[PDB]
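Worksheet for the structure shown next.
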Amino acid sequence: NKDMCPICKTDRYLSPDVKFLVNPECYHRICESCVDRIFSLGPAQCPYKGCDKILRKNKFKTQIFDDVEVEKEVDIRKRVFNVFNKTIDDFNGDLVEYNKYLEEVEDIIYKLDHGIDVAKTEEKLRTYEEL
Amino acid sequence: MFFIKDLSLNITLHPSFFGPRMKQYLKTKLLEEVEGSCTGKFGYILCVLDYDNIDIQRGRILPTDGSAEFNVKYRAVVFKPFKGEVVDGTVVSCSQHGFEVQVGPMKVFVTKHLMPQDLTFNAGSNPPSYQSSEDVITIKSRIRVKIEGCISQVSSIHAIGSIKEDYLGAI
Amino acid sequence: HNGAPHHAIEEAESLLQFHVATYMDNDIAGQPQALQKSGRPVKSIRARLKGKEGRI
Amino acid sequence: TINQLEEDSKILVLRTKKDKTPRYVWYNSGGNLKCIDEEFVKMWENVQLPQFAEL
Amino acid sequence: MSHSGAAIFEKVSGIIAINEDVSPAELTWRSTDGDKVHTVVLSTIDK
Amino acid sequence: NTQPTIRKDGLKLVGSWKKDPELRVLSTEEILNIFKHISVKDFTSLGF
Amino acid sequence: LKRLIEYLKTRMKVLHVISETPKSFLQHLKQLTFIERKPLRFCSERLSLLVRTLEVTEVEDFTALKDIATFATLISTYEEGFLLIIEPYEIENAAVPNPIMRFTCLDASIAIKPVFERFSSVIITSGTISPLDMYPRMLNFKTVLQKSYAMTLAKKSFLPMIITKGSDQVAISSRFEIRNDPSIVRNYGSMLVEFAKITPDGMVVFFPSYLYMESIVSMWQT
Amino acid sequence: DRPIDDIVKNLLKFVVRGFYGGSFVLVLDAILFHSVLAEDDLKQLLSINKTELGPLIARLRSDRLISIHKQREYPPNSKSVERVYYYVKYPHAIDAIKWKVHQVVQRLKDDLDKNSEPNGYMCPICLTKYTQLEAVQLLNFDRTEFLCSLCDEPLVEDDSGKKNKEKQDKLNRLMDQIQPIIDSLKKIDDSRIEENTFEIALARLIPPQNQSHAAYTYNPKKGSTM
Ligand SMILES: [Zn+2]
Ligand SMILES: [Zn+2]
Ligand SMILES: [Zn+2]
C-alpha cells in the first residue's frame, strides 16, 4: 500500500516512523523499523510474499520517484552509465556514431529493465566494464 | 583490538620484601600480575613496554596490615574487544552449541543461531565440525568472525561472535 | 480494581499511609501507636536508631 | 430465539453470572461483539493514562 | 432540531414537534411513554 | 490561581482556598504530580 | 518522457518557493535522472511524430503530454531571460497545499525580436501608449521617430479629474489589504450613486481586480 | 446529527465491544444513547446492581471512558443525595483511546524486539534465566554444555525467537482488528472536535424515564474557588 507497510502492518497515520526504504534488488514498501528488525542480524530473503531474493541491509536507500518502474529504470540507467560514458568528444565529433552508441546503450538499458535478454546483455556489460 | 595504553596499578608489597633492592621485587611482581592478566576495564594486558623506566610512586604503608601500597604507572599493550568488530582466528573447539575461535588470547564463542543455516553439526566425524555445501569449519581452521557482544567481568572477558554477515567465515 | 466509593478508597489509602508512617516512625505526636499482639508498641526504625540503645 | 440472535451480533442480552439465562435484551447498535481476539484484549488492560493535564 | 424539543406538559415528560408544512401548522406534544398526545390548533391563537 | 492555606491534620494535608474558605484534602498523588512539575532551577533554590 | 514526468512530480513536492534558472534545473535533472538538454530540445517534435505514427483515434488522453513536451522544449532551448518558479501554494486561501510550477518569460523582448529582425518597418501605435520611451527600452528596438499628438479641440472635449478624497474628505484608495474598510467603501458607494444620478445615458466602472470588484459589490449589496 | 458525533459514537461503541465484556458495552451504550445519566437512572435502565456496576464504572473511569460529575441539587422534599452524573468527555475519551492504542502497539513492537533477541537459556531446577552473553562465561572445560551458577546443571534452551514471527503474526492479527479504529480517527484528525462538558452534554441528552429523581438543571454557587 502507498500509505501502509504490510511487513509490519502499520498505517502512516498512527505510526509515522514508516519510510520509503527501497531495495535496488527488488523494490518494496518496507519501512525502516522492519529493516532494523529483520536485516540487522544479517542478510535474508524478501519479506514480501511472492518474492524471496536475498538482500543486504547496507544496500538500502530511499526512492526519489513516485513510480517504482521509473525508479528501477533510473537505477539501471545509473548501473549502465557508470561504465558507458562515451561523449561527443570521445567520438571526435562523429554525430551519427554517437547516435548509434546512444541507441545501443538505451537498448541494453531497456533489455535490463524488461529482462528479455538479461543474460547476454549482462555478459556484454561485464566484458565492457573490464576494458 | 590491540592498543597501547598507560595503566596505573596498586601493588601491595609484603614487609618481607622491604630490602635494598625492593624496586626489582616491585617490578617483578608487576609483571606476574599484569603479563597475560585479563581486566574487564582495559582488556587482556599482554606485555609491559618501557620497562627501563617505570613510574613508581612512594608507597604508603597500610595502617593496619603493614604492607606498602604502591601506585605503579606503566605503559602496556592491551587487547580489548568491542562489539561490531571483525577479527580473524582459528577454531580451537567445536560442539553442538557452537565452536570457539581463538583470537589473540581470547576465545570467542560462535553460537549455533548465528551461522548460515547450511551449516549443521556432525559429531560422527572426528574431530566434530560443522559442514556446509561450500565450506567446512573444523579444528585449527582459519575463520573470520564479527564480534557482536562482549561481556567483561572484573577479571574475565567473554565475547559472542557471528559469521552470518557477508565476506566472513573461512578465508 | 473492583470499584469502591471514594470514602472507602480514601480510608484504605489512609490506612496504608498510617502503616508506612508507623513502620518508619511509631512515636508520632497526635497519632495512635501501632501495637503488637502483647500490647507493647511496635519498635519502628526511628526507635531503633535513636537513644543510648540505638544503632548510633 | 434470543440465543440465536445474540451470537449474530444483533441484540445485546443481559445474562446472569450463575447461568446463561436471558433477562433483558437491548439492540446491538455497534459492531460485532467478538471482533477482537482475547489475547489482545488483556494487552489493552496493560496500559493506562497518567493524568487529566498531560494528554 | 429547532422544531423538536423535550418538554414537561401537565407534569408529564414528552416531546414537542412542529408540523409546519401542513396548513394549518400544528404543535404536537407526545409523551415518551405514549400515554397521551396533545395537539394545538394554531389559527385561533391570540396571545 | 489562588494558593490555599495548607495545614496538617495527622498524616494528610488539607488546603483551604481563599473565599471571595472552601477546605478540601489534598491527595498525595496530586502533591506528587505537582512536585514532578517543579523545575530543576526551582527546587535547587529550595535546597534540593 | 515518463521519467521526466516523475522528476517533475519529485520537484513539485516542496514546502517553499524555489526560484531557479533553467541551467540549474537542467543540471539537477541530469544529475538525478540522466536526462540531457539535447534530447529535451527534440521532445515536442518526437512526441508529435510518435502520435502521428501511432495513428491514435483519441487524443484527449494525450493532451497532458503536450504540456510536458512544451515544458521540456521551452526550458532546454532557453536559459537566459527565463526563470522557473515552484510554489507550494497556488492559492494561499486553500487549506490543502496545491503546488504549481511556473516557467515564465521575464524578457519580453525575446518573443518580439524576430518580428523586428524579419520586418524592417514596424509602426507601433496605440491610443494611449505613454511614455513613448519606455517601450524601446523594454523591447529591444530602435525608433526612427517617436511623437505623441495632442488633439486640437474647439471646446474641452473630455474633462478628466483626479478624486483623492471622498465627500467627507476621507482619503480613498483601492489597496488590496484595505478593501474591507468601511469608510472608503462608503465614499465609493456614495460616489457611484451620485454619478448614476447625474449621468444621462450610460456609465462604465473599472476595478483593479476581479476579486476586489466581487468583494465591494457583494458588500454594497449587503 | 453531526457526522463527527456519529463517528466518535461508533468509535466508542467499537472499543468497548472488542476489549471489554458485555456489561461494559451496556454501560457505555447507555451513556452514549442518553448523554446525561445519573446512578439511579443507570440502575433503572439497566436493571443492574450497585455492586455489579462497581468494577464496570471503575474500569471505564480508569480508561476515561466515562466522566463523573459530583453535582448535588435541591429537590422539593429536601431529601437530597449527592448523586453522581455519568457522562462522556468526547475529546478526552478519544484522546484516551488514541493513547491506549498507541501504547498497546508500542508495547507490542517492544515485545517483538525482545523476542527478536536470541533464545538464551533457563535453568529448570532453580527457575533462573541466563542470557547468551553470560552463558559463555558458564560453559564447562569440555566446551560442550553450559552449567548453572548455583545448581551446576546443564542449561536448557528457551524459545526467544522461535515464536517471534508468531508475535508478528499476532501483530498482523491485531492490526486488521484495529483497522476500523484507525480509519475512524482519520476523519477525526481531519475535522474539529468541540470540547463537551456537563453543561454541553445537557444540550443533547435523551430522557431515560418520565419521573427522574436526578435534576438536570445546573445550580451555580458563590464562594467555590476550586
Ligand atoms: Zn514496516
Ligand atoms: Zn522482493
Ligand atoms: Zn540452576
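Residue numbers start at 1 in each chain; chains themselves are named A, B, ... in the order of the C-alpha cells; ligands are numbered from 1 in the order shown.
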- Message: If we count only C-alpha atoms and set the cut-off at 8 Å, which residues sit around region 159-172 of chain G, ignoring sequence neighbours fewer than 2 positions away in its own chain? Please answer as a PyMOL selection string.
- Response: chain G and resi 156-157+174+183-184+187-188+191
- Message: Hey, which residues sit close to ligand 2? Say within 10 Å, counting only C-alpha atoms and all ligand atoms, and write them as a PyMOL selection string.
- Response: chain A and resi 22-30+45-55
Could you list, as a PDB file with N, CA and C atoms, in the first residue's frame, every residue of chain H that has an atom within 7 Å of an atom of chain D, counting only C-alpha atoms?
```
ATOM      1  N   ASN H  10     -19.578   5.799  17.170  1.00  0.00           N
ATOM      2  CA  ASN H  10     -19.235   4.477  16.653  1.00  0.00           C
ATOM      3  C   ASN H  10     -17.854   4.031  17.118  1.00  0.00           C
ATOM      4  N   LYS H  13     -18.310   2.922  20.677  1.00  0.00           N
ATOM      5  CA  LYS H  13     -19.003   1.639  20.692  1.00  0.00           C
ATOM      6  C   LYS H  13     -18.087   0.500  20.264  1.00  0.00           C
ATOM      7  N   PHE H  14     -17.151   0.767  19.350  1.00  0.00           N
ATOM      8  CA  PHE H  14     -16.291  -0.296  18.841  1.00  0.00           C
ATOM      9  C   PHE H  14     -15.242  -0.712  19.866  1.00  0.00           C
ATOM     10  N   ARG H  17     -16.827  -2.886  22.624  1.00  0.00           N
ATOM     11  CA  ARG H  17     -17.298  -4.196  22.192  1.00  0.00           C
ATOM     12  C   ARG H  17     -16.145  -5.167  21.990  1.00  0.00           C
ATOM     13  N   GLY H  18     -14.955  -4.658  21.698  1.00  0.00           N
ATOM     14  CA  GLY H  18     -13.816  -5.518  21.464  1.00  0.00           C
ATOM     15  C   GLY H  18     -13.021  -5.884  22.700  1.00  0.00           C
ATOM     16  N   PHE H  19     -12.520  -4.880  23.417  1.00  0.00           N
ATOM     17  CA  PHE H  19     -11.609  -5.097  24.532  1.00  0.00           C
ATOM     18  C   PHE H  19     -12.317  -5.172  25.879  1.00  0.00           C
ATOM     19  N   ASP H  63      -9.970   4.157  32.286  1.00  0.00           N
ATOM     20  CA  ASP H  63      -9.639   4.438  30.896  1.00  0.00           C
ATOM     21  C   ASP H  63     -10.229   5.753  30.407  1.00  0.00           C
ATOM     22  N   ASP H  95      -8.963  10.997  23.018  1.00  0.00           N
ATOM     23  CA  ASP H  95      -7.538  11.097  23.318  1.00  0.00           C
ATOM     24  C   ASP H  95      -7.070   9.925  24.170  1.00  0.00           C
ATOM     25  N   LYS H 100      -4.172   4.890  24.472  1.00  0.00           N
ATOM     26  CA  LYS H 100      -4.152   3.480  24.841  1.00  0.00           C
ATOM     27  C   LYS H 100      -3.746   2.600  23.666  1.00  0.00           C
ATOM     28  N   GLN H 103      -0.023   3.106  22.975  1.00  0.00           N
ATOM     29  CA  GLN H 103       0.804   2.387  23.937  1.00  0.00           C
ATOM     30  C   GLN H 103       0.740   0.879  23.727  1.00  0.00           C
ATOM     31  N   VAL H 104      -0.413   0.347  23.306  1.00  0.00           N
ATOM     32  CA  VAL H 104      -0.515  -1.086  23.025  1.00  0.00           C
ATOM     33  C   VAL H 104       0.360  -1.467  21.834  1.00  0.00           C
ATOM     34  N   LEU H 174      -3.608  -8.226  15.160  1.00  0.00           N
ATOM     35  CA  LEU H 174      -4.166  -7.060  15.828  1.00  0.00           C
ATOM     36  C   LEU H 174      -4.627  -6.026  14.810  1.00  0.00           C
ATOM     37  N   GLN H 177      -7.784  -6.096  12.962  1.00  0.00           N
ATOM     38  CA  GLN H 177      -8.764  -5.995  14.034  1.00  0.00           C
ATOM     39  C   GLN H 177      -8.836  -4.585  14.610  1.00  0.00           C
TER      40      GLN H 177
END
```
- Determine which residues of region 53-117 of chain G receive a DSSP assignment of helix (DSSP H, G or I), computed from the backbone, and state them as a ChimeraX atom specification. /G:53-54,60-77,109-117
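Near ligand 3, the residues found within 8 Å are residues 122, 123, 124, 125, 126, 127, 128, 148, 149, 150, 151, 152, 153 and 155 of chain H (criterion computed using only C-alpha atoms and all ligand atoms).
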- Item | Given 8 Å and only C-alpha atoms and all ligand atoms, residues near ligand 1 as an NGL selection string | :A and (4-10 or 18 or 29-35)
For the selection just defined, write its residues with N, CA, C and O atoms to a file, as a tab-separated table (two decimals), in the first residue's frame.
```
chain	number	residue	atom	x	y	z
A	4	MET	N	0.53	2.27	3.93
A	4	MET	CA	0.77	1.29	4.98
A	4	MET	C	1.85	0.31	4.54
A	4	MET	O	1.96	-0.03	3.35
A	5	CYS	N	2.67	-0.14	5.50
A	5	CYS	CA	3.77	-1.05	5.26
A	5	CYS	C	3.34	-2.46	5.65
A	5	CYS	O	3.29	-2.76	6.85
A	6	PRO	N	3.05	-3.35	4.69
A	6	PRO	CA	2.44	-4.65	5.04
A	6	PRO	C	3.34	-5.58	5.83
A	6	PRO	O	2.82	-6.55	6.40
A	7	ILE	N	4.65	-5.34	5.87
A	7	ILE	CA	5.53	-6.22	6.63
A	7	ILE	C	5.29	-6.06	8.13
A	7	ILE	O	5.27	-7.05	8.88
A	8	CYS	N	5.10	-4.83	8.59
A	8	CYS	CA	4.74	-4.58	9.98
A	8	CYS	C	3.27	-4.21	10.16
A	8	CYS	O	2.81	-4.12	11.30
A	9	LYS	N	2.54	-4.01	9.06
A	9	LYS	CA	1.11	-3.66	9.05
A	9	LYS	C	0.84	-2.39	9.86
A	9	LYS	O	-0.02	-2.35	10.74
A	10	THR	N	1.55	-1.32	9.53
A	10	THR	CA	1.43	-0.07	10.27
A	10	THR	C	1.01	1.04	9.32
A	10	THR	O	1.66	1.28	8.30
A	18	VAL	N	7.21	5.03	9.54
A	18	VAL	CA	7.37	4.30	8.29
A	18	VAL	C	7.99	5.21	7.24
A	18	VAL	O	7.64	6.40	7.12
A	29	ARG	N	7.79	-1.70	-0.46
A	29	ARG	CA	7.42	-0.78	0.62
A	29	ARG	C	7.72	-1.40	1.99
A	29	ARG	O	6.83	-1.85	2.72
A	30	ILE	N	9.01	-1.50	2.31
A	30	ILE	CA	9.41	-1.88	3.66
A	30	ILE	C	9.87	-0.65	4.42
A	30	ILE	O	10.59	0.21	3.88
A	31	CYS	N	9.41	-0.52	5.66
A	31	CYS	CA	9.75	0.64	6.47
A	31	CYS	C	11.09	0.42	7.18
A	31	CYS	O	11.67	-0.66	7.16
A	32	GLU	N	11.58	1.50	7.81
A	32	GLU	CA	12.87	1.44	8.49
A	32	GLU	C	12.82	0.54	9.72
A	32	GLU	O	13.80	-0.12	10.05
A	33	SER	N	11.67	0.52	10.41
A	33	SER	CA	11.53	-0.34	11.59
A	33	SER	C	11.59	-1.81	11.21
A	33	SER	O	12.19	-2.62	11.93
A	34	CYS	N	10.97	-2.18	10.09
A	34	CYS	CA	11.07	-3.56	9.61
A	34	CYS	C	12.47	-3.88	9.12
A	34	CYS	O	12.92	-5.03	9.24
A	35	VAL	N	13.17	-2.89	8.55
A	35	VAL	CA	14.54	-3.09	8.10
A	35	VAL	C	15.46	-3.32	9.30
A	35	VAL	O	16.28	-4.25	9.31
```
- Message: Distance limit 9 Å, atoms considered: only C-alpha atoms. Which chain C residues sit that close to chain H? Return them as an MDAnalysis selection string.
- Response: chainID C and resid 1:5
- In Å, how far is it from CA of residue 74 (chain H) to CA of residue 220 (chain H)? 11.9 Å
